[PDB]
Engineer: 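I am attaching a structure below and will ask some questions about it afterwards.
Atoms within a ligand are numbered from 1 in the order they appear, just like the ligands themselves. Reckoned from all heavy atoms, side chains included, excluding hydrogens, waters and symmetry mates. Chain naming here is simple, since letters A, B, ... match the order of the sequence lines and numbering starts at 1 in each.
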Amino acid sequence: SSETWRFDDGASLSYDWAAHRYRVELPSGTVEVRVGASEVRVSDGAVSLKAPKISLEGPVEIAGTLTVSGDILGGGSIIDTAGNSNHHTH
Amino acid sequence: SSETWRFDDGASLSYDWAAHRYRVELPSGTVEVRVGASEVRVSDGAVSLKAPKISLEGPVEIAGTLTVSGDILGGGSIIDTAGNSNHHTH
Amino acid sequence: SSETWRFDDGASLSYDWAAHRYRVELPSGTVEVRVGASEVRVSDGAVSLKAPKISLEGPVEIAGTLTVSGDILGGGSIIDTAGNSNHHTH
Ligand SMILES: [Fe+3]
């Protein structure tokens, strides 16, 4: 169903024609693509996106906790399940 | 302005020197880059980032609805347009 | 510690075996990967993800301000530091 090439570095490339799935895998290290001042980096510890604007076009689902250093501005409702702040007055 | 290579799989590579734009395109399937336990995957149904930390460095603009399974913690204001919860007490 | 290849376009590829770090760099332009209707694009002005679903699996840390055009739905608490709306009633 698939084939794999293993490189001298331990990295591999695999291609499953029964899925059209291409996989590049490194056991450890960092892969980075930079264009101007924008970067996508994939490393053992993180996936990092850095750019003048990071645009996510579609429904976004975070499986985890979201921490934002700056403000959070929503064009609709902002609805919790377990608690929000009383940092406002009626 | 550009040139294109079409592969036997239906995939293509194109390069516009009048924009310095490189495009790799697959009609269907999955492309994945894995480094350690971190992954970026692009498939017909999703773009998926999986990592011990997902770092977005810059202004983030979501064109869509954001769902977070865990908590949302903001270092500044969290301001809606259309409604927030009363899950707090004055 | 590393080696670099510089292309006729000003782009470069570098590999540090003392880090297993691969870097592709373009001074200016756009690099795009498309699979079906999903895309990851890296350009001078932005990193853009577009897909039927954008899945972020792990803790997400935004260093910047987050703007969401649609709703924000949290499965836990949503806690600010500096202010939230009074768009609700007790
Ligand atoms: Fe209140």
Engineer: Are C:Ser28 and C:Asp44 linked by a side-chain donor-acceptor pair shorter than 3.5 Å?
Structural biologist: yes
Engineer: For the pair B:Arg23 and C:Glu32, find out whether any cationic side-chain nitrogen is under 4.0 Å from an anionic carboxylate oxygen.
Structural biologist: yes
Engineer: Are there any protein N/O/S atoms under 2.8 Å from the Fe ion (ligand 1), and if so, which?
Structural biologist: A:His88 NE2, A:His90 NE2, B:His88 NE2, B:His90 NE2, C:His88 NE2, C:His90 NE2
Engineer: Who pairs with A:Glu61 by salt bridge (charged side-chain N to carboxylate O under 4.0 Å, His left out), at least two apart in sequence or on another chain?
Structural biologist: none
Engineer: Apply salt bridge (charged side-chain N to carboxylate O under 4.0 Å, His left out) to residues C:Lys50 and C:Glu39 and explain how you reach the verdict.
Structural biologist: CA-CA 5 Å; C:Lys50 183 179 171 292; C:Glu39 185 181 25; over 6 Å; no
Engineer: Passes ring pair (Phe, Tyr, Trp, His ring centres under 6.0 Å), A:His88 versus B:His90? Steps please.
Structural biologist: CA-CA 9 Å; A:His88 55 268; B:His90 292 248; 4.8 Å; yes
Engineer: Does B:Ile62 share a hydrophobic cluster with B:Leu73, counting links as ILVMFWY side-chain heavy atoms below 4.5 Å and allowing steps through other members?
Structural biologist: no
